[PDB]
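Chain by chain, the residues run as shown.
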Amino acid sequence: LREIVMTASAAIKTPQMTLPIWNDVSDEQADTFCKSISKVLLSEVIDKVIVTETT
DNA sequence: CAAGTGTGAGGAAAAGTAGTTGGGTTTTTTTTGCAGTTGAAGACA
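Residues numbered from 1 in each chain as written, not as in the entry; some residues may be left out. Chains lettered and ligands numbered in written order. Part of a larger assembly, values for the part shown. Heavy atoms only, no water.

Visitor: Just give me the short version of the overall build of chain A, but keep the residues and values in it.
Guide: When helices and strands are tallied, chain A shows 2 helices and 0 strands. Taken against the 2.2 N^0.38 rule, which gives 10 Å for 55 residues, the C-alpha radius of gyration of chain A at 20 Å runs more than 25% over that of a compact globule. In terms of overall dimensions, chain A has a C-alpha envelope of 60 × 40 × 10 Å along the principal axes. Taking all 55 residues of chain A together, 2% fall into the buried category. Seen as two clouds, the 5 positive and the 8 negative side-chain charges of chain A have centres 12 Å apart. (Helix = DSSP H or I, 4+ residues; strand = E, 2+ residues; numbered from the N terminus. Rg over C-alpha atoms; globule rule 2.2 N^0.38 Å. Buried < 20%, exposed > 50% of the residue type's maximum accessible area, 1.4 Å probe, protein only. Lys, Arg positive; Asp, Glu negative; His and termini not counted. Charge placed at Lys NZ, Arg CZ, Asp CG, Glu CD.)

Visitor: With reference to specific residues and values, describe unusual backbone geometry.
Guide: Of note in the backbone geometry, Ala8 takes a positive phi value of approximately 45 degrees without being a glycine. Positionally, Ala8 belongs in the loop between α1 (2–6) and α2 (27–37). Note on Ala8: relative accessible area 62%, which makes it exposed.

Visitor: Describe the pattern of salt bridges, and please don't skip the residues or the numbers.
Guide: As enumerated under the stated definition, the model contains 1 salt bridge in all. A salt bridge links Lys48 to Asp47, with the shortest nitrogen-to-oxygen separation between them at 2.7 Å. The pair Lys48 / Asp47 is uniform in exposure class, with both members exposed. (Salt bridge = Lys/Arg side-chain N within 4 Å of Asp/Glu carboxyl O.)

Here's what the structure looks like:
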């Protein structure tokens, strides 16, 4: 309530956007779209990093 | 052997006052949350 009324902050702490999905949109299509929009960082795919510094 | 004028000081004491000190206040003139904002360096056409 403070984040709205008191500060009218243009930076919500947890900004969310709700998306209605068409009646025709399957649940499986919906999970595909959920994957399709979410961000994927390069870190998120790395398993191990080995640096062999030789000098 | 003796009696008789003139007279200077020595002495005492309670309270005060000295010396030496101190006390004594008096009197005294280690960010722990927040959101915003400016100015800055840097950068651009």
